[PDB]
């Protein structure tokens, strides 16, 4: 059972999951039980599932088991603060999608895989890693005793896998730019309709970006240390690009590491702030994410001064 400090702090958007890995599963179960119900998943089956998902995450600096659970917590926080909007099945599927959304990530982008001519890129031409993460998710469900949706009907099962599939694919940031533009026009024309399945899919997609990006919504000491992990992977991919005979983009070039603050400014401007701004417009209780993003932009501006 959860420590009293975590019972309180877990409800904050800026919660950090801590360095104790054996606690992360209990944190996720509590999150599922609080959002979905304890009558929802059989405990042993869900535990079996969680530990296999863990096992198929890699020892990479950033896109690891910790990140999975952190993205799921952000989703939990969004869902707790917007009671009545999402169905039980949506809530179940979104938390599970978040836990799985980076399954078997190698710390390299879709662009590197394409350039490498990895087998996976011939299989999945667009959103390569994300199609793979979802394939992995399915393969784990299909393991003996790992089907956490076994009490659902065939229909609900197909429905929740579809919810999971679109949410994982939406974690391909390449898709976020289009999705956010569609959403922003819907907002401003008064045309967003959460009873329209295609609009609903968009909002969920944006929630998935928001959760996936949530390092920028933590308090600054957390945000600042997390950027160490993010760049550790980007710089490794840049080393790999150099080895293919290809100049990496500056973000991945460790020789341009002094330009990190400027690069962070760019990201907050072009991606993070518009993301949380659009999210708060659709879901006003998500405002603390946007406030914390702005605070972090200011800190990056301070670093530059």
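Numbering follows the first chain given and starts at 1.
Student: Quick check: 184 to 192 versus 170 to 178, which has the larger average CA B-factor in the record?
Tutor: Stretch with the higher mean C-alpha B-factor: 184 to 192.
Student: When the C-alpha temperature factors are averaged for each of 229 to 237 and 78 to 86, which stretch ends up with the higher value in the entry?
Tutor: The deposited B-factors put 78 to 86 ahead on the C-alpha mean.
Student: At the C-alpha atoms, which of 213, 222, 98, 121 reaches the highest B-factor in this entry?
Tutor: That would be 121, according to the entry.
Student: Highest recorded C-alpha temperature factor, please, choosing from 128, 197, 217, 151.
Tutor: Reading the PDB entry, the winner on C-alpha B-factor is 151.
Student: Which third, lowest, middle or highest, does the CA B-factor of residue 263 fall in along this chain?
Tutor: Ranked within chain, residue 263 CA B lands in the middle tercile.
Student: Going by what the PDB entry lists, where does residue 23 fall on CA B-factor within its chain: lowest, middle or highest third?
Tutor: Highest third of the chain for residue 23's C-alpha B-factor.
Student: Classify residue 70 as lowest, middle or highest third according to the C-alpha B-factor given in the PDB entry, relative to its own chain.
Tutor: Residue 70: CA B-factor falls in the lowest third of its chain.
Student: Once the chain's modelled residues are ordered by C-alpha B factor and cut into thirds, is residue 107 in the lowest, middle or highest one?
Tutor: Its C-alpha B-factor, which the entry lists for residue 107, ranks in the lowest third among residues of this chain.
Student: Could you tell me which third, lowest, middle or highest, the C-alpha B-factor of residue 115 occupies within its chain?
Tutor: Highest third of the chain for residue 115's C-alpha B-factor.
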